[PDB]
Amino acid sequence: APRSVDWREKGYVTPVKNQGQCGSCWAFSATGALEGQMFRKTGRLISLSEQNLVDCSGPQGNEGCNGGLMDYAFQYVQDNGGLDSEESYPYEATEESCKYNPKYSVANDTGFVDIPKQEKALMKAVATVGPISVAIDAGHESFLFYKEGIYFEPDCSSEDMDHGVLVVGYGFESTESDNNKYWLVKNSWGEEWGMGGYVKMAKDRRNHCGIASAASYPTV
Ligand SMILES: *C(=N)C1(NC(=O)[C@@H]2C[C@@H](S(=O)(=O)c3ccccc3Cl)CN2C(=O)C2(c3ccc(C(F)(F)F)cc3)CC2)CC1
């Protein structure tokens, strides 16, 4: 595979948002992956409605501002026959009545692929598919207050992931350390957090923070 990947340079990735006080990380992860695959399909980048997912995907198992799964969001889009744009169904950072309108749907999916649970498979998916939804353990102060560089938290769990984010690339950073390989990860805590809203997460260090434990993307 390529020595490094960054899908932002190729037009696959919308701006970073701030999810606010709503536990909608999973919705931003899901829209990010679908934004990427819709772009691959059509050559058009359109910001999708997280609010549509928050309000409408309870029947697939999601829990609005108390959390959810990206694969449940992909299942909703398939079941529903569509997903509205941000413009037509803007973000409120609350749980509201479903107001999905099919005329304003700008995306679809045909299911989703769960990537085998190894960092090598994740790399090869990132290299070829586009941005990938992933689960991480974000429950450490070191992550809350990350600013820059390659993130490594010795207390990170590879199983207790609690935050959905989007891998948009990977690389090898020459720091002359045991912490050179990274995943390039889009968060939903605004541009002021980390490196313009992004974090470089330790790669090939025994599935650090569970980044390869629940990786997936929608098929379109
Ligand atoms: C985001 N603001 C926040 N986190 C979540 O909703 C996260 C997102 C996923 S995950 O990426 O952590 C994950 C974990 C394990 C397997 C697959 C995935 Cl995608 C889930 N989650 C959780 O915190 C989690 C959870 C939450 C809700 C549900 C539901 F039933 F579907 F609603 C399942 C699992 C504990 C794992 C903080 C809210």
Side-chain angles (χ1 to χ4, degrees), residues 5-39 45-55 57 62-70 73 83-96 106-107 126 130-153 156 161-171 173 182-203 208-211 214-215 217:
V5 174
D6 183 354
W7 288 112
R8 294 175 303 178
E9 81 193 341
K10 298 197 166 166
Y12 280 65
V13 187
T14 61
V16 174
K17 272 77 66 174
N18 194 329
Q19 68 187 70
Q21 300 299 295
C22 168
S24 53
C25 59
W26 61 270
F28 285 90
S29 181
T31 58
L34 193 50
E35 280 160 2
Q37 290 310 284
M38 288 305 303
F39 182 75
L45 187 68
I46 305 171
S47 175
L48 300 178
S49 176
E50 293 80 17
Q51 195 64 44
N52 189 162
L53 290 178
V54 161
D55 294 348
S57 63
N62 289 328
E63 299 289 345
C65 287
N66 302 123
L69 299 169
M70 292 79 82
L83 188 65
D84 288 334
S85 67
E86 179 63 30
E87 189 173 321
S88 72
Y89 202 153
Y91 190 56
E92 311 194 60
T94 56
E95 290 166 7
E96 303 302 331
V106 292
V126 174
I132 300 302
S133 297
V134 300
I136 60 170
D137 175 4
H140 296 95
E141 293 175 320
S142 58
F143 190 82
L144 302 182
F145 297 106
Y146 169 82
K147 296 195 67 54
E148 72 194 8
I150 303 190
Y151 182 73
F152 181 83
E153 167 53 63
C156 232
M161 296 85 57
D162 64 0
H163 193 58
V165 292
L166 188 69
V167 174
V168 304
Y170 64 79
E173 192 147 298
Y182 69 89
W183 297 113
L184 181 55
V185 171
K186 190 187 190 200
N187 203 353
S188 49
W189 292 347
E191 273 184 34
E192 67 80 38
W193 182 85
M195 299 185 73
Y198 291 78
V199 53
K200 293 170 181 172
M201 301 272 311
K203 173 170 173 288
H208 194 59
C209 301
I211 197 152
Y217 61 93

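Just so it is clear, the values below take in all heavy atoms, side chains as well, and ignore hydrogens, waters and symmetry mates. Residues take their numbers from the sequence shown, with the count starting at 1.
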Are side-chain N/O atoms of [X] and [Y] paired as donor and acceptor at under 3.5 Å?
| X | Y | value |
| --- | --- | --- |
| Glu96 | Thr94 | yes |
| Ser142 | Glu153 | yes |
| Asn62 | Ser57 | yes |

What closest approach, in Å, do [X] and [Y] show between heavy atoms, and which atom pair accounts for it?
| X | Y | value |
| --- | --- | --- |
| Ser47 | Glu35 | CA-OE2, 3.5 Å |
| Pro131 | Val13 | CG-CG2, 4.1 Å |
| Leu45 | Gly11 | CD2-O, 3.5 Å |
| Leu53 | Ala30 | CD1-CB, 4.1 Å |

Report yes or no: does [X] contribute a side-chain atom to a donor-acceptor pair with the main-chain N or O of [Y] at less than 3.5 Å?
| X | Y | result |
| --- | --- | --- |
| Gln21 | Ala93 | no |
| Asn18 | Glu191 | no |
| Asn52 | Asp84 | yes |
| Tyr146 | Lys200 | yes |
| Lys17 | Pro15 | yes |
| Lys186 | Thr14 | yes |

Quick one: [atom1] on [X] to [atom2] on [Y], what's the gap to the nearest 0.5 Å?
| X | Y | atom1 | atom2 | answer |
| --- | --- | --- | --- | --- |
| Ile132 | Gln37 | CD1 | CD | 6.5 Å |
| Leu48 | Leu34 | CG | CG | 5.5 Å |
| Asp162 | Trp26 | CG | CH2 | 16.0 Å |
| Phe28 | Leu166 | CZ | CG | 12.5 Å |
| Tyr198 | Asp6 | OH | CG | 7.5 Å |
| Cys25 | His163 | SG | NE2 | 5.0 Å |

Taking the side chain as everything from C-beta on, heavy atoms only, tell me whether [X] gets closer than 4.5 Å to [Y].
| X | Y | value |
| --- | --- | --- |
| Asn66 | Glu95 | yes |
| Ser29 | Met70 | yes |
| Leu184 | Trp7 | no |
| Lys10 | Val5 | no |
| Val199 | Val165 | no |
| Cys209 | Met161 | no |
| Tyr12 | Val168 | no |
| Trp189 | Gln19 | yes |

Are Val16 and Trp193 close enough, and set up right, to give a side chain to side chain contact (heavy atoms under 4.5 Å, CB included), and what steps lead you there?
-> CA-CA 10 Å; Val16 174; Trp193 182 85; over 6 Å; no

Does atom CD of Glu9 have more than 12 heavy-atom neighbours, drawn from other residues, nucleotides or ligands, at distances under 6.0 Å?
-> yes

Return yes when atom CD of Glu173 has more than 12 non-hydrogen atoms of other residues, nucleotides or ligands closer than 6.0 Å, and no otherwise.
-> yes

In terms of the angle between their ring planes, are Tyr170 and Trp183 parallel, tilted or perpendicular, with boundaries placed at 30° and 60°?
-> perpendicular

Between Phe143 and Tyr151, what is the ring plane arrangement, given parallel below 30°, perpendicular above 60°, and tilted in between?
-> perpendicular

Dump the intermediate steps for side-chain hydrogen bond (donor to acceptor under 3.5 Å, both in side chains) on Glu50 and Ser24, then the final yes or no.
-> CA-CA 8 Å; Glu50 293 80 17; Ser24 53; over 6 Å; no

